[PDB]
Amino acid sequence: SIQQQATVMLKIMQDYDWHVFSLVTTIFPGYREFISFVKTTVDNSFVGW
Amino acid sequence: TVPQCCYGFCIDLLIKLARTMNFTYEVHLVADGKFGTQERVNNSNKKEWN
Ligand SMILES: *[C@@H]1O[C@H](CO)[C@@H](O)[C@H](O)[C@H]1NC(C)=O
């Protein structure tokens with residue numbers, strides 16, 4: 001699913017010495033859920049990069 | 001939740017604010033006993049405050 005795929009992408013970004021990122025998407029309703037999940041994960045910064 | 005007696009300067013300021021803005025006092029001690037700032041929860045569950 002998209003929710004876990006974003007987590008896998010972020011975990012991969014943790015390696016390779018990557019900390020700064022920026023995402024571009026479209027207006028599809030399914031993509032907006034991904035954007036909201038990414039924003040919530042960014043707001044969830046108690047652990048991680 | 002036994003009733004304790006707390007006083008000092010902060011409570012006096014609170015009483016002054018309540019009298020100026022027609023408020024009420026419901027002072028209750030924090031169960032955690034700490035300020036409760038941002039902390040890392042167990043097993044990386046989520047971000048929250050205590
Ligand atoms: C204070 O505000 C309360 C609002 O619940 C009001 O009933 C009361 O008359 C006010 N007292 C004064 C002195 O203005």
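For chain B, the PDB entry supplies the name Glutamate receptor ionotropic, NMDA 1 and the organism Homo sapiens. Per the PDB header, the entry is named "Cryo-EM structure of GluN1-2A NMDAR in complex with human Fab5F6 in one fab bind conformation".

As annotated in the PDB entry, chain A carries the name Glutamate receptor ionotropic, NMDA 2A and is attributed to Homo sapiens.

1. Regarding a nonpolar patch on the surface
All names here are of chain B. Taken together, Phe9, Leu13, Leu17, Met21 and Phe23 make up a surface patch of nonpolar side chains, about 540 Å² in accessible area. Note on placement: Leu17 falls in helix α1 (residues 9–21). Assessed through its relative accessible area of 37%, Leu17 is described here as partly exposed.

2. Comments concerning the interface of chain B and chain A
How big an interface is tends to be reported as the loss of accessible area on association of its parts. Between chain B and chain A, the residue contacts involve eight residues of the former and five residues of the latter. Each residue belonging to the side of chain B that touches chain A can be placed in one class, and the counts come to one nonpolar, three polar and four charged.

3. Some thoughts on unusual backbone geometry
Backbone geometry places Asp17 of chain A, a non-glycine residue, at a positive phi of 55 degrees. For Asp17 of chain A, a relative accessible area of 65% gives the class exposed. In this model, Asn43 of chain B sits at a positive phi of 60 degrees, which is unusual for a non-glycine residue. Looking at where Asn43 of chain B falls in the secondary structure, it is placed in the segment after α1. Look at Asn43 of chain B and you get exposed, because its relative accessible area is 76%.

Conventions adopted
Residues numbered from 1 in each chain as written, not as in the entry; some residues may be left out. Chains lettered and ligands numbered in written order. Part of a larger assembly, values for the part shown. Heavy atoms only, no water. Residues with missing side-chain atoms left out of burial classes, pairs and counts. Patch = residues over 30% accessible without salt bridge, like charges linked within 9 Å, V, L, I, M, F, W, Y side chains within 5 Å. Areas by Shrake-Rupley, 256 points an atom, 1.4 Å probe, with all protein chains shown as cover. Salt bridge = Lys/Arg side-chain N within 4 Å of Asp/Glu carboxyl O. Helix = DSSP H or I, 4+ residues; strand = E, 2+ residues; numbered from the N terminus. Buried < 20%, exposed > 50% of the residue type's maximum accessible area, 1.4 Å probe, protein only. Contact = heavy atoms within 4.5 Å. Nonpolar A, V, L, I, M, F, W, Y, C, P; charged D, E, K, R; others polar.

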